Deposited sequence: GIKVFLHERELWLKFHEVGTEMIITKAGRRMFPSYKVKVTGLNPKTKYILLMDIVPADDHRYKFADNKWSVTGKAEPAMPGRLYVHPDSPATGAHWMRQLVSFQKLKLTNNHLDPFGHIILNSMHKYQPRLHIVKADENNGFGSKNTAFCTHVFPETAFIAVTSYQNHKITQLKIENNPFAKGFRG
């Protein structure tokens, strides 16, 4: 049946093995890397909606001290549920499979009263992105473990900062 493949998985894995941090801000901040996928299996004449969703990886607060993460409490009562309806929705399966679905215009905010329909997160908690394919009973969900991350207000692990700077084209004024 329907199956989904994480585009640029290798790059994601270079991040998943340091502790992926994502910056959140009040205006909303993009994800790097970008979440893109190839989809296969959809009935090409059927119309679908593709939502993205971000959900708690665990129920802990965290702290970065002494070049290490460590649990320092229970995850606080986060946060006004919100979805990201992919802007090509709704669309024939054919349109979706044609080439990569990109979730690059999705933005993360720390603002709990946000007026932009951006996804709201809580600083210093781990999160897990989910894609939902819904028809326009049945909507299926795929998780890629390596896309899990920790929301931060500024980078902690300086390794990550440099990992973003070498690989994110908008950050090129910071390279060598």
- Would you list the gaps, meaning deposited-sequence stretches without C-alpha coordinates, in the order they occur? 137 to 146
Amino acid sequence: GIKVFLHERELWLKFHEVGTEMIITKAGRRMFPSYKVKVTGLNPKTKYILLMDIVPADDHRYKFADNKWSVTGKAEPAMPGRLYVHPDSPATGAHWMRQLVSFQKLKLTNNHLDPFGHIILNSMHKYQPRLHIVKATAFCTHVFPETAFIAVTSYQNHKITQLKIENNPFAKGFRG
From here on, numbers count along this sequence of modelled residues.
- When mean C-alpha B-factors in the record are compared for 85 to 93 and 69 to 77, the larger belongs to 69 to 77
- Task: Name the higher of the two by mean Cα B-factor in the PDB entry, 36 to 44 versus 137 to 145.
- Result: 137 to 145
- CA B-factor placement of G28, once the chain's modelled residues are sorted into thirds: lowest
- Task: Quick one: classify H60 as lowest, middle or highest third of the chain based on its Cα B-factor.
- Result: highest
- Note on the structure: Assert third(CA B-factor, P115) within chain per record equals highest
- Name the third of the chain's ranked CA B-factors that contains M22, choosing lowest, middle or highest. lowest
